[PDB]
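Take a look at this one chain, the form deposited in one PDB entry, written out in structure tokens.
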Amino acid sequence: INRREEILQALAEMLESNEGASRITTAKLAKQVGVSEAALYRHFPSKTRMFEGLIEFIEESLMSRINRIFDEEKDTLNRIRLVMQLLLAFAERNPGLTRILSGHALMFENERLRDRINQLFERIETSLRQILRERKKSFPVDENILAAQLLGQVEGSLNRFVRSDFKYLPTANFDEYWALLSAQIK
């Protein structure tokens, strides 16, 4: 709530800087927070649980808004555009957390955390499929195939954002991408 949040904010700050390209050790994290390593463990059982805190924010932030789009916006193409733009803009507004989404920051941590990220992408892909299936006019392509292509474009954009040290902005080319695609998926 307070000290617990301070620690998570410190972790996200490091993920966002150059330090995010390397292991965030308890020693470096404690120094960023301005406390001893031991103090960290009064608020979290383990570093894995600190990352889980960030992952829970990503999950809830994204899925609550995707469900809202699904429930509140009526049109198929409109729904897809909003879900895509939400993902790209969320990443752009949260560079450090994108290093978690892309899996790079998690390489240093227990693999079950990458499993959790895989589960989130499957949830997003499921939403995409459901949105597409509700159009049934038919698509020039399988709904499962299109959903996978759409999320693939997002994943590649996130990867480019991270590997470029946040130079290649994920939203930059989305309008052109969507103009091209939407003219064909009718």
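Residue positions are given as counts along the sequence shown, with the first one as 1. Throughout, rigid core stands for the largest set of C-alpha atoms superposing within 1.5 Å between the two forms.
Where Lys136 is followed by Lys137 in the displayed chain, the model omits 4 to 9 of the deposited residues that sit between the two.
Once the C-alpha B-factors are averaged per stretch, 67-75 and 81-89 rank with 67-75 first.
As the entry records it, the average C-alpha temperature factor is higher for 139-147, out of 26-34 and 139-147. The residue among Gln153, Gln119, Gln130, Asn159 whose C-alpha atom has the highest B-factor in the PDB entry is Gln130. Among the modelled residues of its chain, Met50 has a C-alpha B-factor that falls in the middle third, as given in the PDB entry.
Keep in mind the form deposited in another entry is missing from the figure; the text below concerns it.
In a rigid core superposition between this form and the one not shown, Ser46 is the single residue of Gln149, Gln130, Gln119, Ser46 whose Cα is displaced by 2 Å or more.
Core-superposed comparison between this form and the one not shown: the CA of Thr171 stays below a 2 Å shift. Taking the rigid core as fixed, one finds a CA shift for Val162 smaller than 2 Å between this form and the one not shown.
Once the cores line up, the CA of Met84 ends up less than 2 angstroms apart between this form and the one not shown. Annotation: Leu8/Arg65 CA-CA distance shorter in the other form than in the displayed model, change of at least 3 Å. Contraction of the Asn118-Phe108 CA spacing by 3 Å or more is recorded in the other form, set against this form.
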